$ cat entry03.tsv   # TSV, N, CA and C atoms
chain	number	residue	atom	x	y	z
F	1	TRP	N	-80.44	-52.99	19.66
F	1	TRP	CA	-81.76	-53.25	19.11
F	1	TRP	C	-82.85	-52.77	20.06
F	2	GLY	N	-83.80	-52.01	19.53
F	2	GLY	CA	-84.89	-51.50	20.34
F	2	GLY	C	-86.02	-50.92	19.51
F	3	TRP	N	-86.94	-51.77	19.08
F	3	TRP	CA	-88.07	-51.33	18.27
F	3	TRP	C	-88.81	-50.18	18.95
F	4	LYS	N	-89.09	-50.35	20.24
F	4	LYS	CA	-89.80	-49.33	21.01
F	4	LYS	C	-89.05	-48.00	20.97
F	5	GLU	N	-87.72	-48.08	20.91
F	5	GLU	CA	-86.89	-46.88	20.87
F	5	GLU	C	-86.82	-46.32	19.45
F	6	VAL	N	-86.99	-47.20	18.46
F	6	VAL	CA	-86.95	-46.79	17.06
F	6	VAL	C	-88.18	-45.97	16.69
F	7	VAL	N	-89.31	-46.30	17.31
F	7	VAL	CA	-90.56	-45.59	17.05
F	7	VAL	C	-90.50	-44.16	17.57
F	8	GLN	N	-89.85	-43.98	18.72
F	8	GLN	CA	-89.73	-42.66	19.32
F	8	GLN	C	-89.11	-41.67	18.35
F	9	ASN	N	-88.29	-42.18	17.43
F	9	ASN	CA	-87.63	-41.33	16.44
F	9	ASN	C	-88.58	-40.99	15.30
F	10	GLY	N	-89.56	-41.85	15.08
F	10	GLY	CA	-90.53	-41.62	14.02
F	10	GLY	C	-91.68	-40.75	14.46
F	11	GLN	N	-91.96	-40.75	15.76
F	11	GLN	CA	-93.05	-39.95	16.31
F	11	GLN	C	-92.58	-38.54	16.62
F	12	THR	N	-91.34	-38.42	17.08
F	12	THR	CA	-90.77	-37.12	17.42
F	12	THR	C	-90.93	-36.13	16.26
F	13	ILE	N	-90.94	-36.66	15.04
F	13	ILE	CA	-91.08	-35.83	13.85
F	13	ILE	C	-92.55	-35.65	13.49
F	14	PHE	N	-93.36	-36.65	13.80
F	14	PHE	CA	-94.79	-36.60	13.50
F	14	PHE	C	-95.51	-35.63	14.44
F	15	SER	N	-95.37	-35.86	15.74
F	15	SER	CA	-96.01	-35.01	16.74
F	15	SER	C	-95.63	-33.55	16.52
F	16	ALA	N	-94.45	-33.32	15.95
F	16	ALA	CA	-93.97	-31.97	15.69
F	16	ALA	C	-94.91	-31.23	14.74
F	17	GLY	N	-95.63	-31.99	13.92
F	17	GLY	CA	-96.55	-31.38	12.98
F	17	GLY	C	-97.58	-30.50	13.65
F	18	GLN	N	-97.81	-30.75	14.94
F	18	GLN	CA	-98.78	-29.97	15.70
F	18	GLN	C	-98.19	-28.63	16.12
F	19	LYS	N	-97.06	-28.68	16.81
F	19	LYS	CA	-96.39	-27.47	17.27
F	19	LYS	C	-95.89	-26.64	16.09
F	20	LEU	N	-95.53	-27.32	15.01
F	20	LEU	CA	-95.03	-26.64	13.82
F	20	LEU	C	-96.18	-26.27	12.88
F	21	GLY	N	-97.41	-26.45	13.37
F	21	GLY	CA	-98.57	-26.13	12.56
F	21	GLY	C	-99.68	-25.50	13.38
F	22	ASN	N	-99.37	-25.15	14.62
F	22	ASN	CA	-100.36	-24.53	15.51
F	22	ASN	C	-100.46	-23.03	15.25
F	23	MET	N	-99.33	-22.34	15.34
F	23	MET	CA	-99.29	-20.90	15.12
F	23	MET	C	-99.46	-20.58	13.63
F	24	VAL	N	-99.15	-21.55	12.78
F	24	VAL	CA	-99.27	-21.38	11.34
F	24	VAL	C	-100.73	-21.27	10.92
F	25	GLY	N	-101.50	-22.30	11.22
F	25	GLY	CA	-102.91	-22.30	10.86
F	25	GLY	C	-103.75	-21.45	11.80
F	26	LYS	N	-103.10	-20.88	12.81
F	26	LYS	CA	-103.79	-20.04	13.79
F	26	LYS	C	-104.05	-18.65	13.22
F	27	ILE	N	-105.30	-18.22	13.25
F	27	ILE	CA	-105.68	-16.90	12.74
F	27	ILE	C	-105.79	-15.89	13.88
F	28	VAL	N	-105.41	-14.65	13.59
F	28	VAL	CA	-105.47	-13.58	14.58
F	28	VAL	C	-106.45	-12.49	14.16
F	29	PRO	N	-106.97	-11.74	15.15
F	29	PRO	CA	-107.92	-10.66	14.91
F	29	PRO	C	-107.27	-9.46	14.21
F	30	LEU	N	-108.10	-8.53	13.76
F	30	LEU	CA	-107.61	-7.33	13.08
F	30	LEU	C	-107.54	-6.15	14.04
F	31	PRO	N	-106.74	-5.13	13.66
F	31	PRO	CA	-106.58	-3.92	14.47
F	31	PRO	C	-107.83	-3.06	14.50
F	32	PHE	N	-108.31	-2.75	15.70
F	32	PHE	CA	-109.51	-1.93	15.86
F	32	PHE	C	-110.72	-2.61	15.22
F	33	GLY	N	-110.74	-3.94	15.28
F	33	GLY	CA	-111.85	-4.68	14.70
F	33	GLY	C	-112.75	-5.29	15.76
$ encode --input "entry03.tsv" --output "structure tokens"
Amino acid sequence: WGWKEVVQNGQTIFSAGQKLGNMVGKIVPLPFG
């Protein structure tokens, strides 16, 4: 039993939304622009 440890499993997937959504929503410049 470990509530504090149980949360780590729920956040590990939540916080991932950042790394898994950083390069996605990230826009890049155009060639010779």
$ select_by_dssp --input "entry03.tsv" --residues "chain F" --states "alpha helix (DSSP H)" --output "MDAnalysis selection string"
chainID F and resid 3:14 16:19 22:25
$ axis_aligned_box --input "entry03.tsv" --around "stretch 17-23 of chain F" --padding-each-side "5 Å" --output "AutoDock Vina command-line options"
--center_x -97.7 --center_y -26.3 --center_z 14.9 --size_x 15.4 --size_y 21.4 --size_z 14.7
$ atom_distance --input "entry03.tsv" --atom1 "atom CA of residue F:21" --atom2 "atom CA of residue F:9"
19.1 Å
